Amino acid sequence: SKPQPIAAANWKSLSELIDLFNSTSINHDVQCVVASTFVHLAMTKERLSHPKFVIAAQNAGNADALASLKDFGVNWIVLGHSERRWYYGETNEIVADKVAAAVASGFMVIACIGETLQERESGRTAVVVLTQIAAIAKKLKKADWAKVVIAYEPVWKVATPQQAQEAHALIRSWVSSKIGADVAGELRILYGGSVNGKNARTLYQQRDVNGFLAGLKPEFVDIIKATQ
């Protein structure tokens, strides 16, 4: 019914955290991901050895830099996370372009979308979120969607499970309509706010939730276990 879940931790202590993740027996099917800054990438890669985990880069937008990461053995990347948009100035189209370059360079990509508090209050959740994803889809081919993962982050405190499902359902309906129902069915849509052990498990029960993009904290263990 659901595709393979993903549990991803986004860096923004570390040694002790890696030791914990390494000692953790994971008894179900789930791709774990640790996303890391450049300066911490080499340490994480040498210390993290759990075979159900992969290392991810963050925010690379240059082709040579993409090439070096691959050559170094990094195959995943996270792009378009909320602060890149609201602080750093990365427009829908800048994020779209980074996503397409990463795909052409042989990356699996977690691409982030989400609306602000004011967008949500004024009832513009759907137009904003779907405008973000349309910008990404414009630079991809259908076959590229095998390499893409979507994280929904409510930039506005956890979303109720119903609030989170509404937003996930809206995304999957647009993907099914615009890209194909085969693509929609296989796509991982991760929940990107909010998450602790307890609420994670409850959120995972929703029909259109396929995992989490969460913080690099000890509680990540519990969010991995929540993906069933």
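Numbering starts at 1 and runs along the chain as it is shown here.
Note: Cβ is positioned from N, Cα and C throughout, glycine not excepted.
If you look up Swiss-Prot, you'll see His81 marked as active site, electrophile. According to its DSSP assignment, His81 (active site, electrophile) is coil. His81 (active site, electrophile): 24 other CB atoms within 10 A of its CB, across all protein chains.
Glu153 (active site, proton acceptor): 23 other CB atoms within 10 A of its CB, across all protein chains. Annotated active site, proton acceptor per Swiss-Prot: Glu153, in sequence order.
The substrate binding site annotation in Swiss-Prot covers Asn10, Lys12. DSSP classifies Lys12 (substrate binding site) as coil under the three-state reduction. A C-beta separation below 8 Å, combined with a sequence spacing of at least six in one chain, links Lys12 (substrate binding site) to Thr37, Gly215, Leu216.
Residues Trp156 and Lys157 bracket an unmodelled region of 5 residues, and their Cα atoms lie at a distance of 8 Å.
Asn10 (substrate binding site) sits 13 Å from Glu153 (active site, proton acceptor), taking the Cα positions as reference. No coordinates are deposited for the 5 residues that fall between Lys12 and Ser13. The C-alpha atoms bordering this gap are 13 Å apart. Cα-Cα distance from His81 (active site, electrophile) to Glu153 (active site, proton acceptor): 8 Å (rounded to the nearest whole number).
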